[PDB]
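In the form deposited in one PDB entry, a lone chain appears below as structure tokens.
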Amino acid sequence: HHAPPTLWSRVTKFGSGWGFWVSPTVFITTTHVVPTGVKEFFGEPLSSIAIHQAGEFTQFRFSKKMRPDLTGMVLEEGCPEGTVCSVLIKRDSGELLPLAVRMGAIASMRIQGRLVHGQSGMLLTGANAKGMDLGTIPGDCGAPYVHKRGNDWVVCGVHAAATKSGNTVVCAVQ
């Protein structure tokens, strides 16, 4: 494999997209994917969830141990610029599509009206990454950006946007 099955099992369907289990109690995702006007998430009422949203990055910390099968991993404050990361794309249809990305700079961006604390990067999957097979598409938001700090995997962002060209992607960062 590229990424272990345990890392993929952290990628969970959520709203119009996906999120990522950092630990048994920390779930991260992309803000525009998150349900609104709900009294609960994953069965838990809001009073049992520390909810924090800042410019397309959303963190939940549950009081209940939600995924105790998991150990905690590091959430970095952004990806290391210039390094190659992996976007762990799951699809509706069951495919696992880990897309390699070389990460650009962390910058602030207004995007379709919303203020994004984001980080661009360039896919390494083809000359263009237009379309379904080599790039990110609607429904993919929330997928984690990961890389290995030595012998351990870390996560540094959640997927938020891509150009129509397809080569440039943006993740939301802390």
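Rigid core (definition): largest C-alpha set, two forms, superposition within 1.5 Å. Don't overthink the numbering: it's just position in the shown sequence, from 1.
Colleague: Compared with other deposited entries of this protein, is residue 130 missing coordinates in at least a third of those that cover its neighbours?
Modeller: yes, residue 130 frequently unmodelled elsewhere, at least a third of entries.
Colleague: Higher mean Cα B-factor in the deposited model: 70 to 78 or 84 to 92?
Modeller: On average, C-alpha B-factors are higher across 70 to 78.
Colleague: Between 142 to 150 and 113 to 121, name whichever shows the higher mean Cα B factor according to the PDB entry.
Modeller: Mean C-alpha B-factor is greater for 113 to 121.
Colleague: Lowest, middle or highest third: where is residue 169 by C-alpha B factor in its chain?
Modeller: Lowest third of the chain for residue 169's C-alpha B-factor.
Colleague: According to the PDB entry, is the CA B factor of residue 36 in the bottom, middle or top third of its chain, that is, lowest, middle or highest?
Modeller: Highest third of the chain for residue 36's C-alpha B-factor.
Colleague: Name the third of the chain's ranked CA B-factors that contains residue 106, choosing lowest, middle or highest.
Modeller: According to the entry, residue 106 has a C-alpha B-factor in the chain's highest third.
Colleague: Lowest, middle or highest third: where is residue 136 by Cα B-factor in its chain?
Modeller: Lowest third - that is where residue 136 ends up once the chain's C-alpha B-factors are sorted.
Colleague: Classify residue 57 as lowest, middle or highest third according to the C-alpha B-factor given in the PDB entry, relative to its own chain.
Modeller: It belongs to the middle third of the chain when residues are ordered by C-alpha B-factor.
Below, we turn to the form deposited in another entry, even though it does not appear here.
Colleague: With the two forms fitted on the rigid core, I'd like to know which residue in 130, 117, 147, 67 is displaced by 2 angstroms or more at its CA between this form and the one not shown.
Modeller: The residue that shifts is 130.
Colleague: Rigid core superposed, CA of residue 166 - does it shift 2 Å or more between this form and the one not shown?
Modeller: Yes, the C-alpha moves 2 Å or more.
Colleague: Since the Cα separation of residue 33 and residue 136 moves by 3 Å or more in the other entry, tell me which way: closer or farther than here.
Modeller: Compared with the form shown here, the C-alpha atoms of residue 33 and residue 136 sit farther apart in the other entry, by 3 Å or more.
Colleague: Which way does the C-alpha gap of residue 166 and residue 14 go in the other entry, closer or farther, given it changes by 3 angstroms or more?
Modeller: They are farther apart; the C-alpha distance rises by 3 Å or more in the other entry.
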